[PDB]
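In the block that follows, a single chain appears as structure tokens, in the form deposited in one PDB entry.
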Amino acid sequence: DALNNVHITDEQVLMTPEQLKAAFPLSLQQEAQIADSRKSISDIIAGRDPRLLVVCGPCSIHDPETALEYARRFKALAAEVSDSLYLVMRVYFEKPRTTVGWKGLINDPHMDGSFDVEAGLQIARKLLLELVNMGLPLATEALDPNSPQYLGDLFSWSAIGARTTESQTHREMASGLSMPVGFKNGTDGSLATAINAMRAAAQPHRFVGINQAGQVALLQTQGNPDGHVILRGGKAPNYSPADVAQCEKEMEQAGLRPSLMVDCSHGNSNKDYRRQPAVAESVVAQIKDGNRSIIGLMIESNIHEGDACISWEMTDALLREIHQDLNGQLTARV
């Protein structure tokens, strides 16, 4: 053709969500465990559970074995602290916002720039199934309408940022996701985008995505009742008590019940791993001081540091310190 596919040499129909799930299905036990973790995170966000939601893990998943080692250490740490903190392992296969670099375990699993999406999807789903069998709740970030259909049944929490809310085809996708959702503030620091997205997510909507057969589809949503804001900083950090108070005020003026998670990383640490514990400790001080809107923390943490990810030893010490400082000023708030 003179106009169509002039610069396309080949086209290959991808494996569908149907086929991926049939090749790597969930067991009844795994399904029940995931539903229960989603319910627990919903209860925490809604204030019915006193514990603090801690989404912690690597900046981006590198390979299955390292992720499993981190998961072993993380589950070990979580069993000791779960009476005050609900640890959820973030499994991000890719990093937002790059013109450059490795495309991640799903797109380039062989790590040679070959773009083998189909093998990456199977590797990722197998790894996620293994993580679920370890008893770990998993956290993701929604960046497109396709990956929820392939892998969303394995996650208990999702972050929503500008890649969703600034599209028009699927800006309302959060209202149709089966998991609790946290809405990141604007890159400039605007809370309005996150607040509007959180309010809209509780309502029925329609968006363009795919069906289980990999076909472009129009989806009608029911509304997602489990939403909260994520404070991740803008040009300047926004975790301070004054910024938290401003967030609570803007949420209350929107008619929402103030519920927010503090990202200790990117915009509140300014890309430096050394600042994350300071943000976490400021949040702990605020919770001690009768703050009730802060429902969770986000922490970027690898086995080693240096990346804005803190080392595993720092993560262990920090989570233990938070648990010791958060004695029962969290049962105080139910």
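Between two forms, the rigid core is the largest collection of C-alphas that superpose within 1.5 Å. When you see a residue number, it is the position in the sequence shown, counting from 1.
The following text describes the form deposited in another entry, which does not appear among the structures shown.
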(message) Which residue of 224, 164, 156, 185 is the mover here, meaning its C-alpha shifts by 2 Å or more between this form and the one not shown once both are aligned on the rigid core?
(response) 164
(message) Can you confirm the direction of the Cα distance change for residue 170 and residue 59 in the other entry, closer or farther than in this form, given it is 3 Å or more?
(response) closer
(request) Indicate closer or farther: the Cα atoms of residue 170 and residue 185, in the other entry, relative to the displayed form, with a change of 3 Å or more. (result) closer
